[PDB]
Each structure stands twice: as structure tokens, then as C-alpha cells.
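Before any questions on binding or motion, here is one chain by itself as C-alpha cells, the form deposited in one PDB entry.
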């Protein structure tokens, strides 16, 4: 499966995905890396990897659909099969999500359905859980409520902050995201006709 990875920042999940898709048995190949922000470090991790990069600045675009349409165009150009949102911090338009229904994965740093949205760690700390984690799911139209592919639990330690909790969670992210991609690329997992997640 040809895979595109969209980023907005450091790219540690990108780097974990790169590492795993270079494995002999990997059913995925990363063919393009797209970032909506320039001079972000994921772009360099990808350039060091030999992977093409494109920056699509969501500012030059009047509306969202014109912006996503810009991305779609690149996906088509690279004959992409699977889209991986790895720290991509834009919300995708309905038609874009519908078009890539069943083919777009997202990594979120909570145990969904807990702590949706952009500050999951702050929410987890504010709430006082002693267990959090991360979730790889299919992107559906309503955010962080598509079909769940993998989750891993991560303990919250006394005195944790966003810095230390997110450090510990990212170690889980870098495991279940490559695994989730491999499940979907190998055809072992798919969105079923019934909309829930289908194992094979």
C-alpha cells in the first residue's frame, strides 16, 4: 500500500512509521510526506529518509475544501492508498474525509472516547485519571469518533505534566501506529460494510 503521512510538527510518529515501513515484511511504503507548516522538523526527518516532501500552507487557501482539495491533488499525484495523520493539526473537510473513508488513519493521545480534541493531555491531567493512553482510529467525519483500530494504555504518574505524560504516551504511539498501519496495509483490518471495523 502506498502511504502518505501528513504532519504539522516534530515528526516522531512519522519517524516511527518510517522505521517500521523499512522492515522487510512491511506491507506499507511511505511515498510522500505533506506538512501544512514550513521549517517543521518532520520535514527534515522525511528528507533525511529520502522521502519526498510537500508543504501545503492552509493560509494561501480561502476555505478548507480548497485547502484539502490541494492535498488530495498531491495524494492523487503520488497514487496514494492510505493517508496517515501523524501530528497533523488541521480538521479535514467532509468530502475529503468521505472520499478517504476507510483509508485514513489518525493517532490521538488519549484512550478515546475520553479527551477528544487538541489538548488531550491537559484534559487527562485536569481530570485526574491514573491511566491514559493513545488511539489509532479511522478518520470519520466527526472528530476522534471514527472506528478504533488500536489502543495502548499508559500510566499517569504522580506529578506528571504535559511534558512528561506526553513523553511517556509517545512511546506507546510509536508502537501502535506502525502496527495499525501494518494491519490496514495488509488488508487484515478494514472498515466493514456495516461501518464498524472488520478483521480478516
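Positions refer to the first chain, counted from 1. We call the rigid core the largest set of C-alpha positions that still match within 1.5 Å between the two forms.
In this crystal structure, the stretch out of 120-128 and 96-104 whose C-alpha atoms carry the higher mean B factor is 96-104.
Remark: stretch with higher mean C-alpha B factor among 55-63 and 23-31 is 55-63. The entry lists C-alpha B-factors for 156, 163, 143, 171, and the highest of these is at 143. Out of 80, 73, 111, 85, the entry records its largest CA B-factor for 73.
Per-chain ranking of the deposited C-alpha B factor places residue 198 in the highest third. The deposited CA B-factor of residue 69 belongs to the highest third of values across its chain.
In this PDB entry, residue 147 carries a Cα temperature factor that places it within the middle third of its chain's modelled residues. The entry lists a Cα temperature factor for residue 38 that places it in the highest third of the chain's modelled residues.
Per the deposited record, the Cα B-factor of residue 17 falls in the lowest third when ranked against the other modelled residues of its chain.
Beyond what is shown, the protein has a form deposited in another entry; the following relates to that form.
Of the residues checked (162, 70, 55, 41), the rigid-core alignment between the shown form and the other one shows a Cα shift of at least 2 Å for 162 alone. Once both forms are fitted on their rigid core, the CA atom of residue 127 lies 2 Å or more apart between the shown form and the other one.
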